[PDB]
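Protein chains in written order, with my numbering: chain Y, 50 to 99; chain U, 2 to 85; chain H, 236 to 362; chain D, 63 to 121; chain W, 734 to 855; chain L, 88 to 190.
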Amino acid sequence: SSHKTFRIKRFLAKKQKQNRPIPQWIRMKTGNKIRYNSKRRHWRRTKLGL
Amino acid sequence: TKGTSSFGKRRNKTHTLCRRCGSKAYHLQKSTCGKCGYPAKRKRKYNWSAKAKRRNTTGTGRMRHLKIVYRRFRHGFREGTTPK
Amino acid sequence: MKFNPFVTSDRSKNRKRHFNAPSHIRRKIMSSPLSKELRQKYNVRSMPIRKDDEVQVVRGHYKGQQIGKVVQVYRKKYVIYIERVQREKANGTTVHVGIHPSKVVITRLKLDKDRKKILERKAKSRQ
Amino acid sequence: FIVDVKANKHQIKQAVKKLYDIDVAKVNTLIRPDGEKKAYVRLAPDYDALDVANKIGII
Amino acid sequence: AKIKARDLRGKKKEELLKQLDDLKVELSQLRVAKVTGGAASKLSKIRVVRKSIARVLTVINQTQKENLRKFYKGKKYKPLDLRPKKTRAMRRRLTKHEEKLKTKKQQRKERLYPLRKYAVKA
Amino acid sequence: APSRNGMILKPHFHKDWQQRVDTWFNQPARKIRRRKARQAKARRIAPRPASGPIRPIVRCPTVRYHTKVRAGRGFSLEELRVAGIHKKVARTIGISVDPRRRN
RNA sequence: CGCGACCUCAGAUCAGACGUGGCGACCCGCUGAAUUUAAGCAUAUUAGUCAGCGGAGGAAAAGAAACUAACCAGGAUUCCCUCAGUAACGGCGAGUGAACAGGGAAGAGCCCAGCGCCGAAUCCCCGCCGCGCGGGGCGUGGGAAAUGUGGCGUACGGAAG
RNA sequence: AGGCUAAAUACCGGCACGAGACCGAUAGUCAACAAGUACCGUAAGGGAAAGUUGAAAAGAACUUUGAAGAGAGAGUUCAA
RNA sequence: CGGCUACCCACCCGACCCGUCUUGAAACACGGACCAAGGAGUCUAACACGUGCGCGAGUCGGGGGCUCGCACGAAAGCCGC
RNA sequence: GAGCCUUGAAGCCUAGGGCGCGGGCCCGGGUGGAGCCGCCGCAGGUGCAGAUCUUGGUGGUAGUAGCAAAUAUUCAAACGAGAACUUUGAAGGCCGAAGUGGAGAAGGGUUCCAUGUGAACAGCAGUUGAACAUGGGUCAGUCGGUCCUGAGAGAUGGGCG
RNA sequence: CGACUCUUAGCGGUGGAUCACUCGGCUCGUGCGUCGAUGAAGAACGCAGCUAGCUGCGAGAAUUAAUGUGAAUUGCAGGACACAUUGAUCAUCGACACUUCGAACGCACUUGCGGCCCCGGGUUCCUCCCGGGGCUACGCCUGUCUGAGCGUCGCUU
Ligand SMILES: [Mg+2]
Ligand SMILES: [Mg+2]
Ligand SMILES: [Mg+2]
Ligand SMILES: [Mg+2]
Ligand SMILES: [Mg+2]
Ligand SMILES: [Mg+2]
Ligand SMILES: [Mg+2]
Ligand SMILES: [Mg+2]
Ligand SMILES: [Mg+2]
Ligand SMILES: [Mg+2]
Ligand SMILES: [Mg+2]
Ligand SMILES: [Mg+2]
Ligand SMILES: [Mg+2]
Ligand SMILES: [Mg+2]
Ligand SMILES: [Mg+2]
Ligand SMILES: [Mg+2]
Ligand SMILES: [Mg+2]
Ligand SMILES: [Mg+2]
Ligand SMILES: [Mg+2]
Ligand SMILES: [Mg+2]
Ligand SMILES: [Mg+2]
Ligand SMILES: [Mg+2]
Ligand SMILES: [Mg+2]
Ligand SMILES: [Mg+2]
Ligand SMILES: [Mg+2]
Ligand SMILES: [Mg+2]
Ligand SMILES: [Mg+2]
Ligand SMILES: [Mg+2]
Ligand SMILES: [Mg+2]
Ligand SMILES: [Mg+2]
Ligand SMILES: [Mg+2]
Ligand SMILES: [Mg+2]
Ligand SMILES: [Mg+2]
Ligand SMILES: [Mg+2]
Ligand SMILES: [Mg+2]
Ligand SMILES: [Mg+2]
Ligand SMILES: [Mg+2]
Ligand SMILES: [Mg+2]
Ligand SMILES: [Mg+2]
Ligand SMILES: [Mg+2]
Ligand SMILES: [Mg+2]
Ligand SMILES: [Mg+2]
Ligand SMILES: [Mg+2]
Ligand SMILES: [Mg+2]
Ligand SMILES: [Mg+2]
Ligand SMILES: [Mg+2]
Ligand SMILES: [Mg+2]
Ligand SMILES: [Mg+2]
Ligand SMILES: [Mg+2]
Ligand SMILES: [Mg+2]
Ligand SMILES: [Mg+2]
Ligand SMILES: [Mg+2]
Ligand SMILES: [Mg+2]
Ligand SMILES: [Mg+2]
Ligand SMILES: [Mg+2]
Ligand SMILES: [Mg+2]
Ligand SMILES: [Zn+2]
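So, in structure tokens, the structure goes:
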């Protein structure tokens, strides 16, 4: 919506923060087995549901 | 027209984020939650579903206060001060 | 044979407690034996590894009588590094090679106020 | 200025006056889409923003 | 050896606030400098200045609580935060005096017929 | 269901019994706990004998067992009176008293 | 008309204190079906279970006979082996089904209302005084509760004088 | 027709521990791994797949072809 | 030089596509595109028969207790009024 | 079994030799890199060709059907290795004001903007994009919420349970 | 002669079966018995130099103080390197601190609207003026205060 409330905007803020790629400085960490982020949500494919 | 053409009319919402559980079970029209019943002082748990308690019982969260009680019980709930 | 009903013989439990050991237990796990002329001098068998002490490899590929010195103690990898025990990369740059502290024998120790206390405690306990 | 979300215009004005010893004309706050709060604080005509910026980091 | 909490306990609370004010000013300066792409060597002092601020605040609160406990020592109806915080179960339990307190009938019974040490063989 | 020849059976397994089955896998542990408790009690009460309170001579009520004699709970008040010791002192002496039994 | 005492009562953000909710494997109180079996189905079985609600503790309930037996009697309660798939219940069909002995684990017993005597010798609160570490109880004086009944002395095994 | 009480008894939840004629990654708890996670339905709710380089990255310097993906030599390792 | 075979080819003869319901299946009856992994008569209580063992008009300590705390001991040994 | 093994265990492959009627097994060779097996007894979650069997993978179909609702594209140049799909200019057209225009409410939540690459996404391609990576972007006394009640929902008093 | 098809072997590709390994489960037993109005379980948000998730934390936010141990963490520069000052990490953890919702407690929750007391700045003061601190939910127990009764009683107008 064009106008929303503070709670919904704060909830969307964390999704915006989380929708970020994997940093390239942890790939060389000892014991690291993460190759790519499996929680990347697309605005068109997967709807977060309010 | 009961299918695809009728699905396009879905515009409103009947559930938002709850206040006690944070899930999307809170009903706007009935003003009650579908997972806990926020107006009710007691949280609604049921033995019919075993998986409901698995996602809601203690230990499945942070336990910011319950983490330290198990640690302080091993010493008998001391209140003094370490020597020196 | 084990007799204490409070210590386990489970292989999985031992491996877990060894691989997830805290930093103050890793320093005790990473212990190296002392030389023969120094063992009779200090009346102690083994001693943990620190950054300043010299050491000599006894087993492995980079083994011999050349005296060396440690430069890094990698507690996370249960390994130590020596300045002369090194290897060339593809581009020719040098890089240290990791050797386990159990496969190396110490010849010199840093005489520290805490090291002397540990030595005398071990000697008095061995009696 | 990127300020806390709990601060209002009066608190922003008081904090600026106490930290930089400069007068404030008005404050326009907005909640960024990332969750922070950004405030445009207008200085009095006697003060210049260039010297305040040179004194506090930004040039 | 930047800021140690053991030496801060000797200074009075008037000097602690003065030592914390300039520390917060330095933290703010470091935060403003962090936004600039340069000065990468100063980007590591934020952690230590924050820890020192935390240490100063800890000493301040420790001194305040010590003074408050010394003031409220030996007085009835002490504040709730000064009252013990073991658990809710032991707070509602009876005190040791009430547990050891017994009725006059039981006292007279125990005084008249005590538990005698005995043995049965010849 | 029946066969050529066999004893008619009425097993009482029609109820939901599998959800209440008591397996005695803790029997050695229970016996060890009981033995340790007995040893601890005897060590704490060492001057006094185990099963301290003396028990009287008791005949079995029913006609099936009335030919043999067995132990009991406590001595009667009449027996205490003929013995000549007070009722309340026998408990701390080590004599179990049964006020309900008659003579 | 007023004043005062008692008695049923109202208000406070009065001083102090207490309950809410969560977990719920074990335990306590209530009501609570049907699928199934009966080769069909109503009584019955499933089951006084599942689901539902209300509570607490490391255990809870039980627990000192308005008991069991009918002979040479036993003696709180709890749990185990036997009694026993027995007595008995049941369209006496399907099926259901204990108890007393006895042997073991453990074994701890008591209080009060009442009847009577004691000048209410009783209890809570407030404040100064004499005490100990981490803070609460002993001796002093007034404000209440209480004679429509504090407390010692008493408990069916008798007790009191 | 009033009340209190530990004992032997039970414990698939909780905090720790020990053991196994059990399972060995389509098995074993749904979950050995960022698992009640991703995802699905408005909601009650449903619910996954997914372990193995090498002793040590020592993860292929450098030359050449191609814009790059990639490949030909070369190089580390006993072994690419 | 000798060699059957889990290699290929040819001729002669015989040769319908497997599994189960059925009196009758290759059927114009049903299932199967192919391959790898998983997959189905188990366990408890009771009964009847037969067999092996030990004792024997007796038999059975599975229920408890005893010796010493024990990795193997949640075993084993014993009760004898 | 004083069993075999980093002078090579398990596993896998094999126009090789050979045994047993058979279930199967032995040896040779090639991969493989750390365990395995014979004999005497014991206990099984113990043998697959099917169950419109469960999971995973792969074929014929087959480079086949299909990339056909709404009139239509063309010329030149530039940036580029690469041009029909990008950009600019020109020509020819459509939507023709109830639009293929300009704004909004619900809903979406960063999709908006700038820069940069071109393996994945766009059902062909791409220098292009609502894709990817980085960095920015939403400023109110007088725009709306906040105020008021409407249908309606709802606590205390009280009642029921 | 070629092409296509079929059957075998070698190599190669898709495929991820068997084998070996296991910081994981399942089962059995033992020890203890611990939540909250002094704010429980759970949820939301935020916190790291570079940080998306898990984990760990609460504006003192990838940890503070103290004790034990004794020279580090690590992907990368920096940084306390100092230890005949106080000394890194780790563990323990009894001392401080612990944002919002949540039994959730000022009313409702659209983060709005208030009401009292106190402290700093505004016309040096109340009068619907800014910031900060404390209190402001229900029922109930003991006591105090306030006050209603043509409920009963005594003296009095
Ligand atoms: Mg490795
Ligand atoms: Mg959804
Ligand atoms: Mg294990
Ligand atoms: Mg038959
Ligand atoms: Mg039937
Ligand atoms: Mg029927
Ligand atoms: Mg049934
Ligand atoms: Mg019934
Ligand atoms: Mg139930
Ligand atoms: Mg409750
Ligand atoms: Mg409890
Ligand atoms: Mg009685
Ligand atoms: Mg029988
Ligand atoms: Mg009946
Ligand atoms: Mg029957
Ligand atoms: Mg019945
Ligand atoms: Mg009674
Ligand atoms: Mg009773
Ligand atoms: Mg008990
Ligand atoms: Mg098995
Ligand atoms: Mg799986
Ligand atoms: Mg090149
Ligand atoms: Mg078959
Ligand atoms: Mg048929
Ligand atoms: Mg037919
Ligand atoms: Mg057939
Ligand atoms: Mg057919
Ligand atoms: Mg047909
Ligand atoms: Mg078919
Ligand atoms: Mg198989
Ligand atoms: Mg090899
Ligand atoms: Mg290996
Ligand atoms: Mg099978
Ligand atoms: Mg098959
Ligand atoms: Mg099929
Ligand atoms: Mg797979
Ligand atoms: Mg296909
Ligand atoms: Mg075609
Ligand atoms: Mg079309
Ligand atoms: Mg060009
Ligand atoms: Mg054009
Ligand atoms: Mg035209
Ligand atoms: Mg119009
Ligand atoms: Mg339009
Ligand atoms: Mg681009
Ligand atoms: Mg495409
Ligand atoms: Mg865009
Ligand atoms: Mg994007
Ligand atoms: Mg204006
Ligand atoms: Mg308005
Ligand atoms: Mg109502
Ligand atoms: Mg009511
Ligand atoms: Mg192949
Ligand atoms: Mg510290
Ligand atoms: Mg409320
Ligand atoms: Mg305030
Ligand atoms: Zn909820």
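Think of the CB as a built atom: it goes at the ideal place given N, C-alpha and C, for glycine as much as any other residue.
Check                                                                                                                                                                                      : Outcome
List the DSSP bridge partners of residue 309 of chain H.                                                                                                                                   : H/314
Is residue 60 of chain Y close to chain U, meaning its C-beta is less than 9 Å from at least one C-beta of that chain?                                                                     : yes
Can you find at least 3 beta carbon pairs, one from the stretch 820-840 of chain W and one from the stretch 763-780 of chain W, that sit closer than 8 Å?                                  : no
Could I get the ranges of all uninterrupted beta strand (DSSP E) runs contained in the stretch 89-157 of chain L, with 3 residues as the minimum, in chain order?                          : none
Looking at C-alpha atoms only, which residue of L/138, L/160, L/190, L/141 is the closest neighbour of residue 166 of chain L?                                                             : L/190
From the DSSP output, in three-state form, read off residue 188 of chain L for me.                                                                                                         : coil
Listing by chain order, which chain W residues have their CB less than 8 Å from the CB of residue 78 of chain U?                                                                           : 819, 820, 823
Is the CB of residue 81 of chain D under 9 Å away from at least one CB in chain W?                                                                                                         : yes
Going straight from the alpha carbon of residue 173 of chain L to that of residue 823 of chain W, what length do you get?                                                                  : 43 Å
For residue 184 of chain L, which residues from the same chain have a beta carbon less than 7 Å from its beta carbon, with the 5 sequence-adjacent residues on both sides left out?        : 161, 162, 167, 174, 177, 178
Buried or exposed for residue 114 of chain L, going by 16 or more other Cβ atoms inside 10 Å?                                                                                              : exposed
Hey, which unbroken runs of the beta strand (DSSP E) at 3 residues or more fall wholly within the stretch 290-360 of chain H?                                                              : 303-309, 314-317, 321-323, 329-331, 339-341
Would a C-beta distance cut-off of 9 Å place residue 88 of chain Y and residue 97 of chain D closer than the cut-off?                                                                      : no
Using CA coordinates, which residue listed in H/362, H/339, H/346, H/241 is at the minimum distance from residue 266 of chain H?                                                           : H/339
Rounded to whole angstroms, what's the CA-CA distance from residue 259 of chain H to residue 282 of chain H? Just pull it up for me.                                                       : 14 Å
I'd like to confirm the pairing. Which residues does DSSP put opposite residue 282 of chain H in its beta bridges?                                                                         : H/267
Got a sec: is the Cβ-Cβ distance from residue 777 of chain W to anything in chain D below 9 Å?                                                                                             : no
Excluding the 5 residues preceding and the 5 following residue 341 of chain H in the sequence, name in chain order all residues of the same chain whose CB lies nearer than 8 Å to its CB. : 267, 268, 269, 270, 273, 282, 284, 288, 289, 290, 291
Would you please verify whether the beta carbon of residue 852 of chain W is less than 9 Å from any beta carbon of chain L?                                                                : yes
What did DSSP end up calling residue 90 of chain D once you bin it into helix, strand or coil?                                                                                             : strand
On the three-state DSSP scale, how would you describe residue 261 of chain H?                                                                                                              : helix
Buried or exposed: where does residue 84 of chain U fall if 16 or more other Cβ atoms within 10 Å of its Cβ makes it buried?                                                               : exposed
So, is the C-beta of residue 849 of chain W closer than 9 Å to a C-beta in chain L?                                                                                                        : yes
Alpha carbon to alpha carbon, how far is residue 330 of chain H from residue 93 of chain Y? Give it in angstroms, no decimals.                                                             : 48 Å
Any Cβ of chain L within less than 9 Å of the Cβ of residue 846 of chain W?                                                                                                                : yes
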